[PDB]
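Trainee: In this text, residue positions in the sequence shown follow this note's numbering: the first is 3, and each later residue adds one. Beta carbons: idealized from backbone N, C-alpha and C, even for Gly. Structure provided below as structure tokens; questions to follow.
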Amino acid sequence: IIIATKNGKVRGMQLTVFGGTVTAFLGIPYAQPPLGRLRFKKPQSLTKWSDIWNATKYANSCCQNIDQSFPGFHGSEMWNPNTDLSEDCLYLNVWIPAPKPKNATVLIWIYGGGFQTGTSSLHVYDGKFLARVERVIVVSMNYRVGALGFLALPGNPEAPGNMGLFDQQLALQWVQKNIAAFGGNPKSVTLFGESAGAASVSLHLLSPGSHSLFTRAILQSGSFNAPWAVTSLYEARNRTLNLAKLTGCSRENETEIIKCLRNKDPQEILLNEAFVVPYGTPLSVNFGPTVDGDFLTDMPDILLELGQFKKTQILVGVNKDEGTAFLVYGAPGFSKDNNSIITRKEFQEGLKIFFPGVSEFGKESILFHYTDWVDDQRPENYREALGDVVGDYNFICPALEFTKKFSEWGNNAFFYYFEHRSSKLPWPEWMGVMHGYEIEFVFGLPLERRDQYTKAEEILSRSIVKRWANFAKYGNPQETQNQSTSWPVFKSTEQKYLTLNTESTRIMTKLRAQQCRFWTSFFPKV
Ligand SMILES: *[C@@H]1O[C@H](CO[C@@H]2O[C@@H](C)[C@@H](O)[C@@H](O)[C@@H]2O)[C@@H](O[C@@H]2O[C@H](CO)[C@@H](O[C@@H]3O[C@H](CO)[C@@H](O)[C@H](O)[C@@H]3O)[C@H](O)[C@H]2NC(C)=O)[C@H](O)[C@H]1NC(C)=O
Ligand SMILES: CC(C)Cn1ncc2cc(Cc3ccc(F)cc3F)c(C(=O)NCCN(C)C)cc21
Ligand SMILES: *[C@@H]1O[C@H](CO)[C@@H](O[C@@H]2O[C@H](CO)[C@@H](O)[C@H](O)[C@H]2NC(C)=O)[C@H](O)[C@H]1NC(C)=O
Ligand SMILES: *[C@@H]1O[C@H](CO[C@@H]2O[C@@H](C)[C@@H](O)[C@@H](O)[C@@H]2O)[C@@H](O)[C@H](O)[C@H]1NC(C)=O
Ligand SMILES: *[C@@H]1O[C@H](CO[C@@H]2O[C@@H](C)[C@@H](O)[C@@H](O)[C@@H]2O)[C@@H](O)[C@H](O)[C@H]1NC(C)=O
Ligand SMILES: *[C@@H]1O[C@H](CO[C@@H]2O[C@@H](C)[C@@H](O)[C@@H](O)[C@@H]2O)[C@@H](O)[C@H](O)[C@H]1NC(C)=O
Ligand SMILES: CC(=O)N[C@H]1[C@H]([C@H](O)[C@H](O)CO)O[C@@](O)(C(=O)O)C[C@@H]1O
Ligand SMILES: *[C@@H]1O[C@H](CO)[C@@H](O)[C@H](O)[C@H]1NC(C)=O
């Protein structure tokens with residue numbers, strides 16, 4: 003029941019899963035609370051305790067604005083925090099198999115949410131199933147989001163940038179010093195994350211301070227080279243200063259500004275974070291990762307291009323309809339409550355939403371590449387086009403470009419294309435296979451027979467969980483026993499990927515090839 007960690011003893015709880023027993027250590031601190039003077043600074047090493055910490059409830063989530071676009075709707079509220087918001091939020095969770103493992107592979111989860119929001123305590127991140135069914139140890143951590151986690155005055159240690167990334171990294175260090183006490187193999191750690199979490203995992207591949215803290219990496223619908231993923235030192239400053247004006251903290255001494263923002267309450271900082279950008283989109287990362295010179299020593303697209311990353315295996319993939327969810331967060335003519343058939347004029351007005359500071363020619367060039375119809379009278383044409391535009395530009399093509407460039411340095415890479423729509427999905431059907439809705443299959447929620455998934459879904463979760471755990475254990479996401487389709491390596495030439503669905507699991511080649519040539523070779527010029 004009690005584990006001795008290097009900072010003190012922690013007590014866990016017992017959980018019944020699938021006629022077995024999993025041990026959960028929920029809410030173990032991994033750093034001093036970043037309060038007061040420590041607000042905006044890097045996380046600080048935690049002082050020993052001599053009690054027994056009761057890691058028996060999820061700890062506080064980090065301060066964050068909440069999605070209030072669909073109050074009472076489960077499809078949006080299931081992602082909102084489900085513990086108290088607090089600045090005291092640097093805690094982590096450990097799920098160990100019971101009976102205690104001997105030398106188990108560790109899976110470390112990093113949640114997404116645009117670097118502004120998220121919490122490990124979400125129901126779709128519950129690692130008890132993975133512990134039970136695969137005998138891996140699952141770790142997740144809370145890390146600071148928004149300006150409290152990524153406010154940047156570059157060079158200044160009072161607000162150096164990337165604090166939330168350093169939070170994550172301090173958690174990975176925690177696993178290194180402590181997971182062996184829990185039966186875990188620190189030499190066998192896989193990071194996996196989704197969206198901003200997956201872009202975080204991709205940055206830990208780049209950051210030299212993380213290189214000895216994990217073995218392998220899984221990237222779900224997200225990578226650092228996505229257009230929302232990194233903030234420039236320019237914008238980071240303009241946004242750090244805009245926040246200072248919006249709170250009356252404008253000073254001539256940069257360090258005095260920070261001191262001033264420390265005496266503001268978390269809600270005052272949260273309430274002004276949206277306005278630091280003049281034109282925002284539904285994909286607006288107001289305070290995100292930056293090239294700080296510490297966690298990130300150069301611009302990441304240059305490190306990628308020139309082979310400057312941890313050499314190891316990666317499992318990368320995306321969902322079929324990544325971009326549809328964002329259309330009801332602002333695009334004209336759209337609603338989760340009608341079919342959202344839009345017009346050519348409605349489509350064009352929607353590009354101005356998602357590409358605000360882009361030239362008229364750039365927006366015309368998006369329209370041109372995405373409105374050459376297989377049928378001009380199909381009434382869903384513009385509705386589906388804009389979703390693909392958002393999805394290809396923001397997730398699918400950056401994920402493919404990352405895998406391409408990363409594999410070019412001789413490491414095994416595996417790409418998937420998740421194309422199964424959940425049977426219990428509360429969103430409308432024109433939204434398809436939405437951004438974020440593989441996560442429950444990865445965590446094995448369809449395995450519980452008691453929550454109204456179909457049988458075909460339990461099998462698909464079962465296969466995904468096996469492949470995921472075989473990747474973590476053996477760098478190879480195969481399912482070797484049940485005559486499963488073999489998952490080939492992704493190579494720069496042939497570009498083979500695995501489709502994930504409940505019908506046929508197929509080997510295909512060169513995903514969204516025509517669309518990504520536009521986004522990756524042309525559009526970065528405009
Ligand atoms: C799908 O739904 C959207 C969203 O509208 C909202 O949700 C619907 C399900 C209904 O409950 C609506 O009452 C509700 O507002 C519809 O988009 C909206 O279409 C209306 C059509 O009248 C637009 O209103 C007009 O807009 C112009 C702007 O120039 C004004 O001149 C007019 O006075 C008038 O208000 C409205 O702007 C528009 N809003 C948004 C956010 O898109 C959409 O028509 C609908 N699609 C369907 C039913 O296929
Ligand atoms: C609301 C502000 C605090 C931030 N904000 N503003 C616009 C917007 C749009 C999204 C997109 C989205 C929403 C619901 C969903 F079901 C799937 C989705 F893709 C998200 C988001 O991603 N929410 C959680 C889903 N996982 C993947 C992280 C967040 C957004
Ligand atoms: C491979 O297939 C076997 C069946 O041959 C699967 O075993 C099932 O396991 C679940 C959970 O223990 C049981 O409810 C089922 O009844 C079993 N099937 C049978 C036919 O008895 C196994 O899970 C599969 N592995 C995968 C898909 O990774
Ligand atoms: C920490 O936990 C101690 C034991 O918890 C209690 O006893 C065990 C056997 C379980 O039944 C558990 O659910 C009970 O709550 C407490 O006695 C102790 O006070 C706790 N420390 C705190 C609350 O600071
Ligand atoms: C635990 O195993 C250690 C070796 O780890 C091995 O190599 C890494 C790269 C992983 O892929 C992992 O699966 C392998 O087991 C030993 O050095 C260590 O002594 C072992 N400790 C035990 C058994 O307590
Ligand atoms: C940099 O910031 C400038 C000022 O920001 C805007 O104006 C003031 C009054 C604040 O209310 C702030 O929130 C506003 O958004 C912008 O004018 C300028 O364009 C910015 N440069 C960028 C975004 O590249
Ligand atoms: C945000 C916060 O600090 N929450 C704390 C809660 C609440 O303050 C109370 O339950 C009243 O809401 O109290 C605890 O003792 C508890 O019971 O877990 C500790 C926990 O950290
Ligand atoms: C800004 O203030 C700090 C102490 O808060 C000091 O070290 C620094 O020299 C100051 N810079 C000025 C006044 O230009």
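Can you tell me whether residue 3 is buried or exposed? The criterion is at least 16 other CB atoms within 10 Å of its CB, across all chains shown.
Mentor: It counts as exposed.
Trainee: Give the straight-line distance between the Cα atoms of residue 266 and residue 280, rounded to the nearest whole angstrom.
Mentor: Whole-angstrom Cα-Cα distance: 23 Å.
Trainee: Give a single yes or no on whether residue 217 has its beta carbon closer than 7 Å to a heavy atom of ligand 5.
Mentor: yes
Trainee: Do the region 216-229 and the region 178-194 touch if we need at least three Cβ pairs shorter than 8 Å?
Mentor: yes
Trainee: Please classify residue 379: does DSSP put it in a helix, a strand, or coil?
Mentor: In the structure shown, residue 379 sits in coil (DSSP, three-state: anything other than H, G, I, E or B).
Trainee: Using the beta-carbon count (16 or more within 10 Å), is residue 125 buried or exposed?
Mentor: exposed
Trainee: Return the Cβ separation of residue 139 and residue 184 in integer angstroms, given the expectation that the two are a contact with Cβ distance under 8 Å.
Mentor: 6 Å
Trainee: Which whole-angstrom value describes the C-beta separation of residue 156 and residue 292, a residue pair presumed to lie in contact below a C-beta threshold of 8 Å?
Mentor: 7 Å
Trainee: Report whether the distance from the Cβ of residue 229 to the nearest heavy atom of ligand 6 is below 7 Å.
Mentor: Taking 7 Å as the cut-off, one finds no heavy atom of ligand 6 near enough to the beta carbon of residue 229.
Trainee: When we look at the beta-carbon of residue 505 and count the other beta-carbons within 10 Å, is it buried (16 or more) or exposed?
Mentor: exposed
Trainee: With DSSP as the reference, please indicate the residues paired to residue 12 in a beta bridge.
Mentor: Answer is 5, 55.
Trainee: Under a criterion of Cβ closer than 7 Å to any non-hydrogen atom of ligand 4, which residues qualify, in chain order?
Mentor: 13, 54, 56, 58
Trainee: Roughly how many angstroms separate the alpha carbons of residue 154 and residue 359, rounded to a whole number?
Mentor: 22 Å
Trainee: So for residue 112, helix, strand or coil by DSSP?
Mentor: strand
Trainee: What is the DSSP secondary structure of residue 137, counted as helix, strand or coil?
Mentor: Residue 137 falls in the coil class under three-state DSSP.
Trainee: Of the residues 439, 427, 229, 313, which one's Cα is nearest the Cα of residue 408?
Mentor: 313
Trainee: Thinking just about the alpha-carbon of each residue, which of 55, 271, 101, 471 is nearest to the one in residue 93?
Mentor: 55
Trainee: Tell me which same chain residues have a C-beta within less than 8 Å of the C-beta of residue 365, skipping the five on either side of it?
Mentor: 350, 353, 354, 357
Trainee: Leaving out five residues before and five after residue 67 in sequence, what residues of the same chain have Cβ atoms less than 6 Å from its Cβ?
Mentor: 272
Trainee: Quick one: give me the first and last residue of the alpha helix (DSSP H) that residue 72 is part of.
Mentor: That residue, residue 72, is in no alpha helix (DSSP H); it is neither H nor E in DSSP.
Trainee: Per DSSP, what kind of secondary structure is residue 303 in: helix, strand or coil?
Mentor: helix
Trainee: Compare the Cα-Cα distances from residue 242 to each of 47, 288, 69, 207 and report the closest residue.
Mentor: 288
Trainee: Classify residue 376 as buried or exposed, calling it buried when 16 or more other Cβ atoms lie within 10 Å of its own Cβ.
Mentor: Label assigned to residue 376: exposed.
Trainee: Which runs of the alpha helix (DSSP H), 4 residues or longer, sit entirely within the region 219-290?
Mentor: 235-248, 256-264, 268-274
Trainee: Please list the terminal residues of the continuous alpha helix (DSSP H) segment that includes residue 443.
Mentor: Its alpha helix (DSSP H) spans residues 441-445.
Trainee: Closest to residue 337 by C-alpha separation, out of 168, 469, 429, would be which residue?
Mentor: Considering only alpha carbons, the answer is 429.
Trainee: For the alpha helix (DSSP H) that residue 370 lies in, which residues bound it at each end?
Mentor: Looking at the DSSP string, the run of the alpha helix (DSSP H) that includes residue 370 is 362-372.
Trainee: Any heavy atom of ligand 8 within a distance shorter than 7 Å of the CB on residue 265?
Mentor: no
Trainee: Using alpha carbons as the reference points, say which of 222, 193, 263 lies closest to residue 324.
Mentor: The residue with the shortest Cα to Cα distance from residue 324 is 222.
Trainee: Do the region 305-312 and the region 243-256 make contact, defined as three or more Cβ pairs closer than 8 Å?
Mentor: no
Trainee: Please go through the same chain and pick out, in chain order, the residues whose beta-carbon is closer than 6 Å to the beta-carbon of residue 226, but skip the five residues on each side of it.
Mentor: Non-local C-beta neighbours of residue 226 in its own chain, meaning closer than 6 Å and more than five positions away in sequence, comprise 201, 204, 205, 302, ordered along the chain.
Trainee: How long is the line joining the alpha carbons of residue 496 and residue 403, rounded to whole angstroms?
Mentor: 14 Å
Trainee: Tell me which same chain residues have a C-beta within less than 6 Å of the C-beta of residue 87, skipping the five on either side of it?
Mentor: 63, 65
Trainee: Using CA atoms only, rank isn't needed, just tell me which of 514, 115, 97 is closest to residue 107.
Mentor: 97
Trainee: Look at the alpha carbon of residue 413 and the alpha carbon of residue 197, and state the distance between them as a whole number of angstroms.
Mentor: Roughly 23 Å separates the two Cα atoms.
Trainee: CB-CB under 8 Å to residue 249, same chain, minus the five flanking residues each way: which ones, in chain order?
Mentor: 262, 263, 266, 270, 271, 274
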